[PDB]
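Just below is one structure, and these are the notes that go with it.
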Amino acid sequence: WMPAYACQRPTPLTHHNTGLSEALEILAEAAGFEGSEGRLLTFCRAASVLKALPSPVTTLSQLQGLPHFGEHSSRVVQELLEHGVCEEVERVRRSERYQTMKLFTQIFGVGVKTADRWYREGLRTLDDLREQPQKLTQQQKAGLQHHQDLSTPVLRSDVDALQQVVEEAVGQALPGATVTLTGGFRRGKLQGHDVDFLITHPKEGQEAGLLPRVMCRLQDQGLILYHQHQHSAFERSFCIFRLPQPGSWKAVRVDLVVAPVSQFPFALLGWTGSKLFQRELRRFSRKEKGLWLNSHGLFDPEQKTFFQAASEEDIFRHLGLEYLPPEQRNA
Ligand SMILES: Nc1nc2c(ncn2[C@H]2C[C@H](O)[C@@H](COP(=O)(O)OP(=O)(O)OP(=O)(O)O)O2)c(=O)[nH]1
Ligand SMILES: [Mg+2]
């Protein structure tokens with residue numbers, strides 16, 4: 001038996017069912033594009049189960065006794081095993097709606113609702129968007145300007161170089177302040193779409209005004225192509241960095257998040273993901289333990305209290321879960 005919630009089981013970075021999980025995740029993504037949130041979550045959960053299995057699924061008899069494997073997800077896997085291909089998945093892959101929604105939603109600053117609006121309005125290509133600049137936010141204009149680099153996978157080598165410049169800037173602005181790599185790279189991923197850093201300082205309040213100073217330093221080194229600073233709920237800067245490379249450079253998306261140290265463990269847990277892992281952890285918290293978990297805290301709605309955590313381990317323990325290190329949160 002395998003546990004129901006993704007937060008009750010390890011899900012490693014690498015697994016034995018990548019074809020099958022990829023196919024289910026296409027159907028999940030397509031569901032999300034049509035605003036079908038139930039169906040998205042259902043396909044995502046089924047894919048997550050396959051990622052946690054210790055062996056490849058070679059016959060359909062191997063699906064027995066697994067949670068979150070309803071009829072639809074089972075049929076998809078059956079067709080893949082029997083025929084090498086699933087007609088429904090192939091139809092989605094080839095469909096103009098899916099291809100265009102994927103194209104648009106990938107762009108920096110574009111979500112499903114915006115992409116769907118553009119689709120409905122007859123826009124299909126990146127050139128179409130460039131022909132209608134009045135339809136674009138400044139963030140989206142920047143995403144289009146750099147779209148080729150931003151759809152080139154970010155590599156661990158890029159992350160190391162970025163972490164060095166961010167750490168240098170943070171250390172020069174405020175000795176004692178720290179930078180923690182989060183997101184998929186903290187989970188062990190070799191590649192990604194962006195780089196996530198969480199900044200804090202051990203004395204509560206000493207992080208105030210730090211991010212604009214960090215950004216000034218980075219901007220004055222020529223490292224920033226785009227920056228949008230927002231005070232609000234954590235202070236954050238949504239950035240495109242200009243990463244120097246041997247003979248050239250590439251644009252890379254970087255999010256910088258500042259958390260006061262009291263909230264740091266919650267922020268680190270939240271920002272480390274995976275997105276499905278954290279959704280599952282929050283559902284577990286609410287449904288099984290009666291507590292509301294988010295990136296800022298863990299709230300008991302009946303007692304009107306907040307849990308004091310020094311680490312992620314504290315939070316897992318308080319929720320009655322075995323601790324999972326970040327590399328086992330790849331749900
Ligand atoms: N708690 C919380 N988490 C967030 C928020 N926004 C993003 N995250 C989480 C979900 C992600 O797993 C993680 C970083 O988001 P990403 O889109 O970078 O995902 P991740 O880095 O895991 O995959 P990637 O390889 O970058 O596509 O932070 C937020 O407002 N609150
Ligand atoms: Mg990331």
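Note that ligands are numbered from 1 as they come in the structure, with each ligand's atoms numbered from 1 the same way. Quick note: residue numbers are just sequence positions, from 1.
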Which of the atoms of ligand 1 are close to [X], meaning less than 4.0 Å from one of its heavy atoms?
X	answer
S295	1 (N)
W271	9 (C), 13 (C), 14 (C), 28 (O)
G184	20 (P), 21 (O), 22 (O)
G270	1 (N), 3 (N), 9 (C), 28 (O)

Can you check whether [X] has an N/O within less than 3.5 Å of an N/O in ligand 1?
X	result
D194	yes
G183	no
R236	no

Cation-pi, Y119 ring and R97 (6.0 angstrom, 45 degrees):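 Output yes; distance and angle both within limits.
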
Under 4.0 Å between a side-chain nitrogen and a carboxylate oxygen: does that hold for [X] and [Y]?
X	Y	result
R9	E280	no
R93	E88	no
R186	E327	no
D314	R317	yes

Side-chain hydrophobic cluster, 4.5 Å single linkage: members besides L13: none

Remaining members of hydrophobic cluster (4.5 Å side-chain criterion), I107: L103, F104, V110, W118, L123, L126, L129, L136, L144

Closest candidate by heavy atom, reference atom 14 (C) of ligand 1, pool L190, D196, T272, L276: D196

Options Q278, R282, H193, ranked by nearest heavy atom to atom 1 (N) of ligand 1, top entry: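 Result: the heavy atom closest to atom 1 (N) of ligand 1 is in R282.
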
Heavy-atom gap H296 to ligand 1 smaller than 4.0 Å: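 Under 4.0 Å: no for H296.
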
Heavy atom of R187, distance to ligand 1 below 4.0 Å: yes

Validation row, ring centre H296 to ring centre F266 under 6.0 Å: no

For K189, salt bridge (charged side-chain N to carboxylate O under 4.0 Å, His left out) partners two or more places apart: none

Whether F316 and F277 hold their rings parallel, tilted or perpendicular, with breakpoints at 30° and 60°: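 Answer is tilted, since the angle falls between 30° and 60°.
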
Test item: side-chain donor near acceptor, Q134 and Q132, under 3.5 Å: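 Side-chain D/A pair, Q134 to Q132: present.
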
Neighbouring protein N, O or S atoms of the Mg ion (ligand 2), below 2.8 Å: 2

